[PDB]
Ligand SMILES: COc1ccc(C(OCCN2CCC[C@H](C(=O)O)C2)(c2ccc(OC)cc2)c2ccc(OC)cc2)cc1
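The chain below stands alone and is given as structure tokens, in the form solved without the ligand.
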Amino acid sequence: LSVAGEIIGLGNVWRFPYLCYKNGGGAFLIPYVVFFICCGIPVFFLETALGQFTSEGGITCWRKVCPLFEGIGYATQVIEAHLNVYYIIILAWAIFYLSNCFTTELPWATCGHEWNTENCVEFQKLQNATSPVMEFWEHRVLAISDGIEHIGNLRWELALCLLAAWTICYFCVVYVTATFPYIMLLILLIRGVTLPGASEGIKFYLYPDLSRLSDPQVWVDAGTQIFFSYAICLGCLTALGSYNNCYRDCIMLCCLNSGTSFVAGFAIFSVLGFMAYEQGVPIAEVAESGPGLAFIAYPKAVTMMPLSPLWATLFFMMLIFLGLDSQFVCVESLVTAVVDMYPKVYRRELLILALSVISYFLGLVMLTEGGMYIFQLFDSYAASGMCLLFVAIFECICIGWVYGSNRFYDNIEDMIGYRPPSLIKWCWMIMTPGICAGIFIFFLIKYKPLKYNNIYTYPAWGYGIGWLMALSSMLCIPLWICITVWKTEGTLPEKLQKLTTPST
């Protein structure tokens, strides 16, 4: 077919504009492109080829080729387990936004309600002036607190919204369903461009500021954005696919995702220009630098359109569909992955329920009055950050050096009929492991505290929690190496020979 439908998700329309604005905009595109061509394509091709060659799931696929490096198989599951916990919180806010839109006038368009303070200004017909949209996002949807040290009470309204999300996916495609996001994204893009003052937002988006490139954060959260959007170190090995066009896929599939992210991001910054023009405030400080950005720019565009409620209900439906089509795959893969002993057969209907309840109660802690602060730690340390950089290094080293790139190339040529260009092999051997290690060391040397919204500075134990969350997935590989060395064959090159020959 021509429409794969596997070229979009919440990682494209929610995360990418969030990261670009936070890092300063414009200067974020240069590290993005470097990772895109030299660490985004070769690794994706390696995952797909390795998955299809063995026709076998990731946990045992590494046993087939890299018996010493089983820690890669276990590391991806821990990252996926962390991801399922906080990837559904976004659908908690989307449902809450949707429920408020089933009325004539949108509550966030106009000020003068209980949550709005005395500083509300319509700006549609100026010191310490706030837009009504930001007040709606912060005071009632989040009810932000002073800091992480105040967890506070639990938001009851958000609690049941999360319950609904889970319930719906406990039972979790037509062409119209697949092309629904693209039509809506185009409609939103048209409205933003024609808006007055959008030229500043585009100039802010494209023209880079080379002074900020020296900051280690920009490099860390660009390549990690590439890895997160592609689902590279979260389970990507596909047994299905028969004997194919694996190389031809990335020239079409694993590159067009970046185009969608770029186009979708283009729409948001057009709206941010209009708000800056209206309020007469620099684009740098016109909005919130945290995760809650797609909930401040998109509602403004939807309330600047005729028939506002009709457009309002649909876009949140698009977000709900995007989240549902992406989390059920992960929750199915993780449950299937733990089934490798098969003690007995309602096992298929018991683990699926057991996993959901644990995730619901552990996803409930970030729905309280101090939930945004803990959500920020989850987004920066678990399922991202150093966890993806570390695993990507060990993946390319084993196949590139231990197993042998030339042997793998021969198998790929056998499978598809021709040998891919030699550039990919050099990537695997030197480029990706070197760049990832360099970024790791650069970030470690110039360690600066992470700040929420560039205002709040976390306490010591917050950074400690983040570091433990990263280590919980970063420490599976050396531990397995030590265990395998100590047990089975202990010493001498005999164990070294056994721990390198692939399974026959």
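The first residue of the sequence shown is number 1, and the count goes up from there.
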Problem - Interresidue gap class [residue 125, residue 126; deposited sequence, unmodelled] - result: 10 or more
Problem - Deposited residues omitted from coordinates between residue 305 and residue 306, as a class - result: none
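What comes next is about the form deposited with the ligand bound, which is not displayed.
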Handout entry: in the deposited bound form, the residue from 32, 452, 53, 44 that sits within 4.5 Å of the ligand by heavy atoms
Key = 44
Practice task
Have a look at 357, 284, 129, 329 for me and say which one sits with a heavy atom within 4.5 Å of the ligand in the deposited bound form.
Solution key: 329
Problem - residue 5 within 4.5 Å of the ligand in the deposited bound form, heavy atoms - result: yes
Exercise for the section: Considering only heavy atoms, tell me if residue 23 and the ligand come within 4.5 Å of each other in the deposited bound form. Expected result: no
Problem - residue 380 within 4.5 Å of the ligand in the deposited bound form, heavy atoms - result: no
Practice task
Determine whether any heavy atom of residue 10 comes within 4.5 Å of a heavy atom of the ligand in the deposited bound form, and answer yes or no.
Solution key: yes
Exercise for the section: Using a 4.5 Å heavy atom cut-off, indicate which stretch of 265 to 273, 151 to 159, 285 to 293, 233 to 241 touches the ligand in the deposited bound form. Expected result: 233 to 241
Practice task
Report yes if all three of 395, 397 and 439 come within 4.5 Å of the ligand in the deposited bound form by some heavy atom, otherwise no.
Solution key: no
Handout entry: Residues within stretch 77 to 115 having a non-hydrogen atom within 4.5 Å of the ligand in the deposited bound form
Key = 83, 87
